[PDB]
Amino acid sequence: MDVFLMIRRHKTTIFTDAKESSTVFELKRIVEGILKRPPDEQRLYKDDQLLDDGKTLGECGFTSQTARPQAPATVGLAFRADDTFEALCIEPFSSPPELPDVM
Amino acid sequence: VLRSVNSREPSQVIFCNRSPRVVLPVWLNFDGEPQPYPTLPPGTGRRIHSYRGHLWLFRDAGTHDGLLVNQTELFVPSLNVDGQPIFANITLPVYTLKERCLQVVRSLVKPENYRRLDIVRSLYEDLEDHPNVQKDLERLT
Amino acid sequence: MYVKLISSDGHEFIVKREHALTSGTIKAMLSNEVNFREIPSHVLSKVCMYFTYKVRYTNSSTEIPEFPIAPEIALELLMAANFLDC
Ligand SMILES: CC(C)(C)CC(=O)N1C[C@H](O)C[C@H]1C(=O)NCc1ccc(-c2cncs2)cc1
């Protein structure tokens, strides 16, 4: 079963999919292919929680009926610059304006 | 051109609304005029008597947004094999993002106020060009 | 194989090339990053979500769910979808 994701760090957002049975580490390989940083220099998060490499996306709560194509789940991403990992930071999207008087 | 064939051969059909919309079934009668029938709420179904060669299409009762039936525009009841009805499976199409946007805008703004929206003229025209059954009958023809 | 769509406010959205080629406008802007000076991120993220949605449910027997659009973003999204022809 496919799960649909936004892997997010700072102002970077990756839209991809993975299998419910796939591992956190395997997700990091996907990130490696895209952002050119190896898994050891990556941390993945669900909200505030640090994810473990060996756990499946299913165990970590990304299921096919919550991580949907039209409304995918967010996975936090943080990089290690050299010695220590940065703190998890996700820039929010811009805000929509006031609804026009007619709406 | 698009009319039901007056076959007089009964065909039982299950209208199954697997959409989130209130569905209006439309029978194209023998002179090509669209005849509306009672509506189906979301997720409901009805066993109905129709006829072989009859033409049906299905819309959103409120907005007339187009729907699919067994993956296509038109449903034509076929021969019943071994006392089993024909399944007519009514679903949402994959609307373009543009048309979907237009549906939501139409649903929030009264037609009298489209001109007050701050958008290029051509979108104002696209909003006023509502989904219409006669239009699609000409398109299908 | 991926492409980068950048919103007016700097957000960088990374999607599969074939998902982005949905849009004829983007196909043209590529023939591999694209900067959208009129599309804020709260709209472009929705555009990307639609790509995923279209690719998943185009020619599919599994029942199709409604693609959701908040009233707050509908106008802006309409403008973008019109420009992108998707
Ligand atoms: C020329 C007539 C309309 C008498 C021929 C006819 O009997 N028709 C035309 C179509 O084939 C359907 C059929 C008919 O009207 N059947 C009765 C019927 C009643 C209600 C309904 C529906 C009930 N709920 C949604 S549709 C469907 C069929």
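Reminder, nothing fancy here: chain letters follow the sequence lines and each chain counts from 1. Hydrogens, waters and symmetry mates are skipped; everything else that's a heavy atom, side chains included, is used.
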- Evaluate the salt bridge (charged side-chain N to carboxylate O under 4.0 Å, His left out) criterion for residues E86(A) and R9(A): first the C-alpha distance (whole Å), next the side-chain angles of each, then the deciding distance (0.1 Å), finally the verdict. CA-CA 11 Å; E86(A) 72 192 5; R9(A) 165 178 177 281; 2.7 Å; yes

- Task: Identify the two heavy atoms, one from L88(A) and one from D47(A), that lie closest to each other, and give their separation to 0.1 Å.
- Result: CD2-O, 3.5 Å

- Tightest non-hydrogen contact, residues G32(B) and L137(B), listed as O-CD1, 4.1 Å

- Main-chain N/O of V3(A) paired to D17(A) side chain as donor or acceptor, under 3.5 Å: no

- Query: Nearest heavy-atom pair of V3(C) and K16(C): which atoms, and what distance?
  - Reply: CG2-O, 4.4 Å

- Please report the closest heavy-atom contact between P10(B) and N80(B), naming both atoms and the distance. O-OD1, 4.3 Å

- Query: Do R56(C) and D2(A) pass the salt bridge (charged side-chain N to carboxylate O under 4.0 Å, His left out) test, and can you show the C-alpha distance, the side-chain angles, and the key distance before you say yes or no?
  - Reply: CA-CA 10 Å; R56(C) 171 60 182 80; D2(A) 298 312; 5.5 Å; no

- Message: Would you compute the distance between atom NZ of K4(C) and atom OG1 of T12(A) and round it to the nearest 0.5 angstrom?
- Response: 6.5 Å

- Item | Of all pairs that satisfy side-chain hydrogen bond (donor to acceptor under 3.5 Å, both in side chains), the ones with a partner from residues 66-78 of chain A, not counting sequence neighbours | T63(A)-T66(A)

- Hey, are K98(B) and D85(C) close enough for a salt bridge, meaning a charged N less than 4.0 Å from a carboxylate O? no

- Joint hydrophobic cluster, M1(A) plus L5(A), side-chain heavy atoms closer than 4.5 Å: no

- Task: Validate the cation-pi geometry between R8(B) and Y51(B): distance from NZ or CZ to the six-membered ring centre under 6.0 Å, angle to the ring axis within 45°.
- Result: no

- Item | Donor-acceptor under 3.5 Å (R59(B) side chain, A61(B) main chain) | no

- Starting at OG1 of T13(A), measure out to CG of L5(C) and round the result to the nearest 0.5 Å. 11.0 Å

- Query: Going through the checks in order, is the side chain to side chain contact (heavy atoms under 4.5 Å, CB included) test met by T91(B) and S19(B)?
  - Reply: CA-CA 5 Å; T91(B) 70; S19(B) 89; 5.6 Å; no

- Between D52(A) (side chain) and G54(A) (backbone), is there a donor-acceptor pair under 3.5 Å? no

- Message: Count I, L, V, M, F, W, Y as connected when their side-chain heavy atoms are under 4.5 Å apart, and connections chain through other members. Are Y95(B) and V22(B) then in the same cluster?
- Response: no

- Message: Would the distance check show the side chain of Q42(A) and the main-chain N or O of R37(A) forming a donor-acceptor pair, the cut-off being under 3.5 Å?
- Response: yes

- Task: Go through the side-chain N and O atoms of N29(B) and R3(B) and say whether any donor and acceptor fall under 3.5 Å apart.
- Result: no

- Message: Please report the interatomic distance OG1(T52(C)) to OH(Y57(C)), rounded to the nearest 0.5 Å.
- Response: 10.5 Å

- Message: Please check this pair: side chain of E59(A) against backbone of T56(A), looking for a donor-acceptor N/O pair closer than 3.5 Å.
- Response: yes

- Message: Would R52(B) and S7(B) count as a side chain to side chain contact (heavy atoms under 4.5 Å, CB included) here? Give the steps.
- Response: CA-CA 6 Å; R52(B) 288 180 73 191; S7(B) 66; 4.0 Å; yes

- Query: Looking at CG of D9(C) and CZ of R37(C), how far apart are the two atoms once the value is rounded to the nearest 0.5 Å?
  - Reply: 15.0 Å

- Task: Answer whether the closest heavy-atom distance between the side chains of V105(B) and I119(B) falls below 4.5 Å.
- Result: no

- Message: Are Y53(C) and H19(C), when compared by the centres of their aromatic rings, separated by less than 6.0 Å?
- Response: no

- salt bridge (charged side-chain N to carboxylate O under 4.0 Å, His left out) between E138(B) and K135(B): does it pass, once the steps are laid out? CA-CA 5 Å; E138(B) 290 167 46; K135(B) 190 220 300 177; over 6 Å; no

- Query: For the residue pair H42(C) and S94(A), what are the closest heavy atoms and their distance?
  - Reply: ND1-OG, 2.7 Å

- Message: Evaluate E12(C) against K11(A) for salt bridge (charged side-chain N to carboxylate O under 4.0 Å, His left out), listing each step before the verdict.
- Response: CA-CA 6 Å; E12(C) 314 199 341; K11(A) 302 183 98 169; over 6 Å; no

- Message: Taking the six-membered ring of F93(A) as reference, does the cationic atom of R8(A) (NZ for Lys, CZ for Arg) lie under 6.0 Å from its centre and within 45° of its axis?
- Response: yes

- Query: Quick one: are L55(B) and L57(B) in side-chain contact, heavy atoms under 4.5 Å?
  - Reply: no

- Message: Could you go through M79(C) and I39(C), starting from their C-alpha distance and side-chain angles, then the distance that decides it, and tell me whether this counts as side chain to side chain contact (heavy atoms under 4.5 Å, CB included)?
- Response: CA-CA 9 Å; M79(C) 290 180 246; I39(C) 311 182; over 6 Å; no

- Task: Using modelled atom types only, decide if a donor and an acceptor are shared between the side chain of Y45(A) and the backbone of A78(A) within a distance under 3.5 Å.
- Result: no

- Under 3.5 Å, side chain of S23(C) to main-chain N/O of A20(C), donor-acceptor pair present? no

- Main-chain N/O of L28(B) paired with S4(B) side-chain donor or acceptor, under 3.5 Å: yes

- Task: Evaluate the side-chain proximity of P97(A) to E76(C): yes if any heavy-atom separation is below 4.5 Å, no if none is.
- Result: yes

- Message: I'd like to know whether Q103(B) forms a side chain to side chain donor-acceptor pair (under 3.5 Å) with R100(B), so could you lay out the CA-CA distance, the side-chain angles of the two residues, the decisive distance to 0.1 Å, and finally the verdict.
- Response: CA-CA 5 Å; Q103(B) 289 165 11; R100(B) 182 74 193 102; 2.9 Å; yes

- Message: To the closest 0.5 Å, what do you measure between CZ (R18(B)) and CD1 (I90(B))?
- Response: 10.0 Å

- Task: Compare every heavy atom of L99(A) with every heavy atom of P71(C), then report the nearest pair and how far apart it is.
- Result: O-CD2, 3.5 Å

- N89(B) versus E63(C): any side-chain heavy-atom pair under 4.5 Å? no

- Message: When you group the ILVMFWY residues by side-chain heavy-atom contacts below 4.5 Å and let the links chain together, are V55(C) and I14(C) in the same group?
- Response: no

- Determine whether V23(B) and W27(B) fall in the same hydrophobic cluster, where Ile, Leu, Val, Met, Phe, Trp and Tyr are linked whenever their side-chain heavy atoms lie under 4.5 Å apart. yes

- Do the non-hydrogen side-chain atoms of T25(C) and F36(C) ever get within less than 4.5 Å of each other? no

- Message: With a 4.5 Å cut-off on side-chain heavy atoms, are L127(B) and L117(B) touching?
- Response: yes

- Item | Heavy-atom check, side chain of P20(B) versus side chain of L92(B), under 4.5 Å | yes

- Item | Heavy-atom side-chain contact between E18(C) and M1(C) under 4.5 Å | no

- Query: Are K46(C) and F67(C) in a cation-pi contact, defined as NZ or CZ under 6.0 Å from the six-membered ring centre and within 45° of the axis?
  - Reply: yes

- Query: Should the pair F15(A) and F13(C) be assigned to parallel (<30°), tilted (30 to 60°) or perpendicular (>60°) ring geometry?
  - Reply: tilted

- About how many Å separate NE2 of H11(C) and NE2 of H10(A), when rounded to the nearest 0.5 Å? 11.5 Å

- Message: Strictly below 4.0 Å, N to O, side chains only: are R29(A) and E26(A) in salt-bridge contact?
- Response: no

- Message: For the backbone of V69(B) and the side chain of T72(B), can you confirm whether one donor and one acceptor N or O come within less than 3.5 Å of each other?
- Response: yes

- Item | Parallel, tilted or perpendicular: rings of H130(B) and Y114(B) (30°, 60°) | tilted

- Message: Can you classify the ring geometry of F58(B) versus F15(B) as parallel (below 30°), tilted (30 to 60°) or perpendicular (above 60°)?
- Response: perpendicular

- Any chain of hydrophobic side-chain contacts (each under 4.5 Å) joining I6(C) to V43(C)? no

- Item | Polar side-chain atom of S11(B) near backbone of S78(B) as donor-acceptor pair, under 3.5 Å | yes

